[PDB]
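Given as structure tokens, the chain that follows is alone and in the form deposited in one PDB entry.
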């Protein structure tokens, strides 16, 4: 089932310097909670300054939902250390609150009570909140509290150079679409290794054969990542809207068409209700982020550009992988082993040939993802090519892919010096013979002993105590203070610069 990539591997083995200079960035989300596991209802902590403008620390959907963002970086340890400093500083400046360490929250009784991220009174800040109001009304606040890690990745120019004019940005875009098509066909290996959400609170809910406990914890005995299942998110699958990844313009046209298509469903919600604005507009997507997407091509926008404008202007700059659950075994929710595996997998995805796929061939790649998501750890599980009958045992497919990943590891290890990528392959490949080594088996044992609540409360306490004692390593305290002051100032400035009232301004971005 794994295709044959000997030509591309051989090519890579003869050009190791083509991989020198990979760039990465991490985003990690986590709810602020009290010791009892419930969402804090305090505001974004003072010491973090303005969530709207801050460089490293912001909020996602909810006021209690923190997001840490590392600046693009070529060194894995440097980037993880940076991430850990954000966590350390935050952990000691949020009063008695702490950070929820799983993707799935514990029982929440009233989704409707959750405060949306608040961004002040400037037009940009309100738009951002109104966007969330919109999401709240379309899909419910509850699902937005489920969190994850994004891993952002780009190959160096050297890679493309070893593989002229206006073609360059086109070859690069084509190669990233290749990576994306391959992620669709094979990326189920990610939730298999690192899925960490085999259980969900009944407060968040089916034909599924759930085991139940009296506190409302539901779980599937072999699942890997319910975060990625239909129960773990509410919005429209890019796959489902019929967006494809064969060609850049086509992709952008599909995306932009969704921004402009009105929706009968969302019009029923209404745009206003008692002088309170309820969504930005009533289109399928309010803005491009509303598209649910396990993986997404990107380019950093310039001032005023929409994300898709940037793509059209400059082609794909880098890939965002969104399918990683929070790593509950790391205080920062992600570790070196995961980052190195994604390096190897993404690189492999860029090498393997990937035929174009129509909407329904893409839909078929999801059959395997669903098997792995809901019962990836089942003894005897078999996978198939697209929709064809399942017939390849999962472990053997894993070992096949790792035969290749190991060759890429050898190449990366020889340029970085050391053995770090090879060790990672050996550690991970073992998970195909023993599914009990995977994150989701480990975290299910924990959740059976103490619940989602008990497991999250206990890690959150333990992690709070590491994080708040550890010395800052790269950022120092005065950097947090400086960035607090500067972020607050940029917010005062946007507030003062507005000249039109929100209603008028809105009528030109709605």
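Positions refer to the first chain, counted from 1. Heads up, when I say rigid core I mean the largest set of C-alphas that superpose within 1.5 Å between the two forms.
Below: the form deposited in another entry, not depicted.
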Checklist entry - Can you tell which of 382, 238, 81, 330 moves its Cα by 2 Å or more between the shown form and the other one, with the two forms laid on the rigid core? => result 238
Next on the checklist: At a 2 Å cut-off on C-alpha positions, does residue 254 qualify as shifted between the shown form and the other one after fitting the rigid core?
Outcome noted: no
Checklist entry - For residue 96, is the C-alpha shift between the shown form and the other one 2 Å or more after core superposition? => result no
Item to check | Core-superposed C-alpha of residue 175 shifting 2 Å or more between the shown form and the other one | outcome: no
Checklist outcome for this item: Per the comparison in that other deposited form, the residue 235 and residue 181 C-alpha atoms (change 3 Å or more) are positioned closer
Checklist outcome for this item: Taking the shown form as reference, the Cα pair residue 235 and residue 354 shifts by 3 Å or more in that other deposited form and sits closer
